[PDB]
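A quick write-up on the structure given underneath.
Number of protein chains: 2
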Amino acid sequence: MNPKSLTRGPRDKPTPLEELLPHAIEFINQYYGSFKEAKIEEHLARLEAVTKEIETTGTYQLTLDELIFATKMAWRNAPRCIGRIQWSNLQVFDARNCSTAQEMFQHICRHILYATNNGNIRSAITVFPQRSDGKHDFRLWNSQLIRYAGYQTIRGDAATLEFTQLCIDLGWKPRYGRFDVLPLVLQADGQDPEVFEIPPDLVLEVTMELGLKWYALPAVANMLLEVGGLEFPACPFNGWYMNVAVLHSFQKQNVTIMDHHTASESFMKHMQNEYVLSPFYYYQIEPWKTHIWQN
Amino acid sequence: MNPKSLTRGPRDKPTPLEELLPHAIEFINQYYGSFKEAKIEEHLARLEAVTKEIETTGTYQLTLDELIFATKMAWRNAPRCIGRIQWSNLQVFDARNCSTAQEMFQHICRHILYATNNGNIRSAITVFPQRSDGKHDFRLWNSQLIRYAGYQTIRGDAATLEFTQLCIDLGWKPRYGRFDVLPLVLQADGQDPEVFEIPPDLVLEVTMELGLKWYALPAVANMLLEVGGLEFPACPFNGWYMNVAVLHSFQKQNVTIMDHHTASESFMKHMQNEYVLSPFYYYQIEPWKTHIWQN
Ligand code: HEM
Ligand code: HEM
Ligand SMILES: COC(=O)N1CCN(c2ccnc(-n3ccnc3)n2)[C@@H](CC(=O)NCc2ccc3c(c2)OCO3)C1
Ligand SMILES: COC(=O)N1CCN(c2ccnc(-n3ccnc3)n2)[C@@H](CC(=O)NCc2ccc3c(c2)OCO3)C1
Ligand SMILES: O=S([O-])[O-]
Ligand SMILES: O=S([O-])[O-]
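If you're matching them up, the sequences are chains A and A' in order. A prime marks a further copy of an entry chain.
Numbered according to the entry's author numbering, the first sequence spans residues 114 to 265, 270 to 325, 335 to 368, 413 to 445, 478 to 497.
Numbered according to the entry's author numbering, the second sequence spans residues 114 to 265, 270 to 325, 335 to 368, 413 to 445, 478 to 497.
Below is the structure:
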């Protein structure tokens, strides 16, 4: 075998124009090829502008349209994603102009709100600024936008035990329940991560005595979007969930799950929208294992 | 004399609870003893939970913290290791949940990347699932993560002549250069080994006409970690290298070697982290000499 790595690590310097160019060209190719025999003059022109730009600025900016196309194509290329069948149903939030962790927070707040949509889950992705030299990376240290802390008898999510310790170390006041929603650990422009509490009303939970519940919104926070040689280390996305007591409560409280109805319904919308792998979503090495602290 | 064996062979059945228990207890002892006079109540509790667990499941799971402690203590106990002076500088990757060779491959890919770190070598260990009955062993058939094949006039590394033949027998397409990087021969859950080509960009080489070069990352792939009666047959680790043309090129290309600066620097970090032997790393009998082929 010769499988490729699903992880795309850090860089301490920009991509060689000699590496970036062939990649940029192939993306513009597949992007414009999507207009089958249409816009050949548009294609050629884009090729020149992009090339000139990489040659002068050392990099290039995708159009919003190329971005939206990349996010959807990268979703289609997600091997294990079951929801990719309806890849056209995706809302893209352009935060490529984001510059601070406070701004990141606000963008993430906007995504959670739109996406949650009172239980009627909508798929969305918020794309932050692309990696430049690798020394000014935007990153969400969390693995998911919404997740429960695991403390001590483990009091919480045993799966988040490491990250929870990290938050406490960053200053986060650890309560000790088993359903504590972890704050967002946001890194902007390569700085040290800032901790921000997620407004509690933004978090929709399905109430499964046991006193059990769970969050409604499944959002991956730590992947990297690669497109045309460009890399976006911060691009949180979400879908809706795919043991029967749960299946019943999600439905009872009207929070979207991938049941037969939703399967039929979303595919229908997807279909009614009809009228190495790249782009691709890569895993990353956990940021606390690679971060060089300023403070 | 009465030296002990440095090899820890295979088992075809689980460890007797009567053998495992005294061992588990002594590890929890030294682990908790590390908090000198602190957490005696924590210690006692752990003892009960572990005992109960061995008695019910027939075995026990270390905490991530106990694992990290074991990996570092086993490094400290490595007699011939010169880098153990700075044993606190170790990154642990928990793959105890790994279940397939494809997953193993991905984990190994993640380690190589982190560890290599563009030449600025970082020490890491990736720990795979512990031996259960001995019939579902995870193993890396390679002796090192990165090594050159030796063919024929020997065309390569004479030291890897046997393993190279093995790879070819497993299906590997042998090129015939003297710097062919061998694929990874991964055994998951006791099955037959699967061959995976290491993504070439993951391999950093120091370019020593002669056309000589060498890989930057020295990683031991075939040792066994014993801790508290538990055994981990798959736990690849690495450090950085410790004839003058070489010393100069490693430095010139900024690939970490254990020179006076690195010696001062790493010890400093190690020190600034201050603010029979068990655990222990055992050698193993070469897996092709003991493997029972399914296919
Ligand atoms: C709309 C509902 C969706 C459903 C029901 C769905 C379902 C799934 C499932 C079942 C998994 C595997 C879970 C696991 O490994 O435990 C998954 C993984 C994943 N999904 Fe989705 N998903 C949805 C939306 C999205 C969106 C909007 C994107 C991106 C824009 C996306 C990208 C991916 C990625 C990148 C992974 C990992 C793929 C891999 O590693 O092979 N998903 N999804
Ligand atoms: C950080 C840099 C490190 C340096 C420079 C270093 C240096 C060495 C040297 C010089 C040897 C002997 C080589 C030989 O026999 O030819 C060695 C062996 C060994 N090292 Fe390291 N090492 C490092 C990191 C590590 C790490 C991270 C671990 C494990 C977590 C480790 C575990 C061992 C083991 C188990 C052996 C064999 C010991 C024995 O059989 O007595 N080393 N190392
Ligand atoms: C090695 O790790 C991984 O490959 N992953 C990717 C899958 N995971 C998650 C977590 C939350 N949301 C999503 N997610 C959302 C849309 N697409 C995927 N994936 C994480 C694992 C996880 O918690 N999965 C539960 C799960 C199952 C089905 C889902 C889901 C989450 O979200 C949508 O459908 C980590
Ligand atoms: C009987 O065999 C053994 O005891 N061993 C253990 C030492 N060896 C190796 C090989 C690669 N990396 C390491 N290694 C890495 C970190 N610590 C040790 N050891 C192998 C032998 C070897 O190739 N040694 C070269 C060497 C020398 C100094 C090193 C080194 C490798 O790695 C770090 O410092 C096999
Ligand atoms: O948007 S599509 O290709 O059904
Ligand atoms: O981590 S220590 O004991 O210097």
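Where a beta carbon is used, it is the ideal one built from N, C-alpha and C, also for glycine.
Comparing alpha carbon positions, the residue from A:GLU139, A:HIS418, A:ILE259, A:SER201 closest to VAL320 (chain A) is A:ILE259.
When only Cα atoms are considered, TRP254 (chain A') and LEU203 (chain A) end up about 44 Å apart. Residue-level contact by beta carbon holds for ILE487 (chain A) and chain A', with a gap shorter than 8 Å. Between the stretch 150 to 161 of chain A' and the stretch 188 to 199 of chain A', the count of Cβ pairs shorter than 8 Å is below three; the stretches do not touch. Pairing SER212 (chain A) with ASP306 (chain A) gives a Cβ-Cβ distance under 8 Å. With at least 16 other beta carbons inside 10 angstroms of its own, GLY122 (chain A) counts as buried.
For ligand 3, a non-hydrogen atom lies closer than 7 Å to the CB of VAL346 (chain A). Scanning A':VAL312, A':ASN413, A':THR239 for the CA closest to the CA of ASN210 (chain A') turns up A':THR239. Only exposed fits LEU479 (chain A'), as fewer than 16 other CB atoms lie within 10 angstroms of its CB. A distance below 8 Å separates the beta carbons of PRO300 (chain A') and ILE315 (chain A'). For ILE259 (chain A'), the distance from the CB to the nearest heavy atom of ligand 2 is not below 7 Å. In terms of side-chain proximity, the C-beta atom of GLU444 (chain A') is found nearer than 7 Å to a non-hydrogen atom of ligand 6.
For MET325 (chain A), there are no C-beta contacts with chain A' under 7 Å, since the nearest C-beta of that chain is about 25 Å from it.
Closer than 7 Å to some heavy atom of ligand 1: that describes the Cβ of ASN364 (chain A). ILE234 (chain A') is classed as buried because its beta carbon has at least 16 other beta carbons within 10 Å across all chains shown.
For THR184 (chain A), the enclosing alpha helix (DSSP H) stretches over residues 177 to 189.
The beta carbons of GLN496 (chain A) and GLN308 (chain A) sit closer together than 8 Å. Nearest CB-CB separation between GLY122 (chain A) and chain A': below the 8 Å threshold. In the three-state reduction of the DSSP assignment, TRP340 (chain A') falls in the strand class. Residue environment for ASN443 (chain A'): exposed (fewer than 16 other C-beta atoms within 10 angstroms of its C-beta). With fewer than 16 other Cβ atoms from the protein chains shown falling within 10 Å of its own Cβ, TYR445 (chain A') counts as exposed. Counting only the Cα atoms, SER118 (chain A') lies some 48 Å from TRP289 (chain A).
With the criterion set as a beta carbon lying under 8 Å from some beta carbon of chain A', the members of the stretch 279 to 301 of chain A are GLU279, in sequence order. CA-to-CA, the gap between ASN142 (chain A) and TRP340 (chain A') works out to about 38 Å.
CA-CA distance, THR281 (chain A) to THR270 (chain A'), rounds to 58 Å. For the stretch 209 to 228 of chain A', residues whose beta-carbon sits nearer than 8 Å to a beta-carbon of chain A comprise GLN215, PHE218, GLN219, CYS222, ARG223, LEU226, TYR227.
By the Cβ neighbour-count rule, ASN424 (chain A) is exposed, with fewer than 16 other Cβ atoms within 10 Å of its own. About 6 Å separates the beta carbons of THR120 (chain A) and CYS222 (chain A'), which is inside the 8 Å limit, making them a contact pair. Burial check for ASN413 (chain A'): the Cβ neighbour count within 10 Å stays below 16, so the residue is exposed. Around the CB of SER147 (chain A), fewer than 16 other CB atoms lie within 10 Å, so the residue is classed as exposed. Separation of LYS248 (chain A) and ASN364 (chain A) (C-alpha to C-alpha, rounded to the nearest whole angstrom) is 27 Å. For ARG252 (chain A'), the number of other beta carbons within 10 angstroms of its own is at least 16, and it is reported as buried. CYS194 (chain A) has its CB nearer than 7 Å to a heavy atom of ligand 1. Interface criterion met: the Cβ of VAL312 (chain A') is under 8 Å from a Cβ in chain A. In this structure, A':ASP318 is the residue among A':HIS418, A':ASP318, A':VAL312 with its C-alpha nearest to the C-alpha of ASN230 (chain A').
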